[PDB]
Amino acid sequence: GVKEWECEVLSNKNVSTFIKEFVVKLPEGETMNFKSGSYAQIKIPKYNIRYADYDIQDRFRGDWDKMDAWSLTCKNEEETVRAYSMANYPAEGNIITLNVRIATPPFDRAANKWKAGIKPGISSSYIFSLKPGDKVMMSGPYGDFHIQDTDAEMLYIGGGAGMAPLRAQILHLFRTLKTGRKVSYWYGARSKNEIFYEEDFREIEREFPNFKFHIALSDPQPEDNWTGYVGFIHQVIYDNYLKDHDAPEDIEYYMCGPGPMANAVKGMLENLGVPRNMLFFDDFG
């Protein structure tokens, strides 16, 4: 039993192909005190929705056409609660920003459809239907995933909607603390179109020599005209930075992203002789 507001939705626009930037506001003069990397919880009610009702911009709708995502529907028959990480820094109290990955079902290559009779994500699917002016019930903060009090080097590894916690921590580190720690953020996206929040970080690195941001694309598309790093995030990170680093084991690793990306990083660190307690992982489950 924890703190709960009803919030108005300011903005639910697509920020990549499958991540909406979901922005809600607390009642006037209300505020959520949280530490960066904590998460909140949305009440998802009973409901019904067709994916054909979703608002997607010209440049993101392309993959939805390909996969026939517009044909999906989702019925939720029991009220529930779901976790989403805060993506803005704690200095903004009543405009909470979230990053929501729409949980499409598995794609059954055998019939070239989605695996039949499997429901999409009852929570992500509801949030995606939300529009400016709507109301959501939200509680927080929760969670333990926080910056360590050290002078240590930090290396951030993000993937997918795992942007949320890192960005909150990195924004806190540089916009409010104005830290002197050395900090790199390596974010992996499938292609150029799927990057977001880039300028936020280009700004920071222009003000702080001690911060670097690198993007690595796993499946770059011809239209990207892509001159930068390419491949798996852990491969990119190891190939360029770590391999030649004097002491990888003195670094704190903050990562958030999907199971494959995390596990492949874990296995990499392990061989590299980095001890488990130097890795801080926020598990989206």
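Quick note: we count residues from 1 along the sequence shown, nothing fancier.
Higher average CA B factor: 102-110, of the stretches 159-167 and 102-110. When the mean C-alpha temperature factors of 142-150 and 179-187 are read from the deposited coordinates, 142-150 comes out higher. When the Cα B-factors of 218, 227, 240, 57 are read from the PDB record, 240 comes out highest. Annotation for 206, 119, 192, 172: 119 ranks highest, by Cα B-factor.
Looking at the C-alpha B-factors along this chain, the one for residue 255 belongs to the highest third. Residue 52: CA B factor lies in the middle third for its chain, per the PDB record.
Ranked within its chain, residue 65 lands in the middle third, by CA B factor from the PDB record.
In this PDB entry, the Cα temperature factor of residue 42 sits in the middle third of its chain's modelled residues. Per-chain ranking of the deposited C-alpha B factor places residue 210 in the middle third.
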